[PDB]
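First up is the structure itself, then whatever we jot down about it.
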Amino acid sequence: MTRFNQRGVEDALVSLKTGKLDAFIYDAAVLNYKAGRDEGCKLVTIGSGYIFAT
Amino acid sequence: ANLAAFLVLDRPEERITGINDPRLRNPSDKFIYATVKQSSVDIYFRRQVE
């Protein structure tokens with residue numbers, strides 16, 4: 705992970721959009737909100753989230 | 649089946665269905681909507697704080 709640490713939620717989301725990045729690991733509330741007001745809903749999380757360390 | 653699905657279900661949403669549409673909630677450079685300057689609509693939107 706430390707090999708290519710990002711910086712900033714919006715920057716990581718853009719990198720996912722273009723294709724430089726393939727997966728993002730972050731809080732559950734922030735990612736749920738990001739997916740909520742994403743235009744077109746192209747990005748989708750996995751399940752209900754809270755996978756680890758609820 | 650697929651022609652029916654294309655000509656029946658997935659119709660472009662040319663209707664906004666009021667002001668609760670998140671597209672109008674968070675606009676962009678594509679959807680440009682406006683009202684007549686200095687009118688009741690302007691007063692109403694200016695008064696409402698959300």
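Keeping their order, the protein sequence lines are chains D and C. The opening residue of the first sequence carries number 705 in the authors' numbering; numbering runs sequentially from there. The opening residue of the second sequence carries number 649 in the authors' numbering; numbering runs sequentially from there. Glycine included, every Cβ here is placed at the ideal spot set by N, Cα and C.
Taking a contact to mean a Cβ-Cβ separation below 8 angstroms, would you say residue i touches residue j in this structure?
| i | j | result |
| --- | --- | --- |
| residue 749/D | residue 735/D | yes |
| residue 651/C | residue 664/C | no |
| residue 746/D | residue 717/D | no |
| residue 741/D | residue 668/C | no |
| residue 753/D | residue 732/D | yes |
| residue 683/C | residue 690/C | yes |
Is the shortest distance between the beta-carbon of residue i and the beta-carbons of chain C less than 8 angstroms?
| i | result |
| --- | --- |
| residue 741/D | yes |
Can a CB atom of chain D be found closer than 8 angstroms to the CB of residue i?
| i | result |
| --- | --- |
| residue 670/C | yes |
| residue 674/C | yes |
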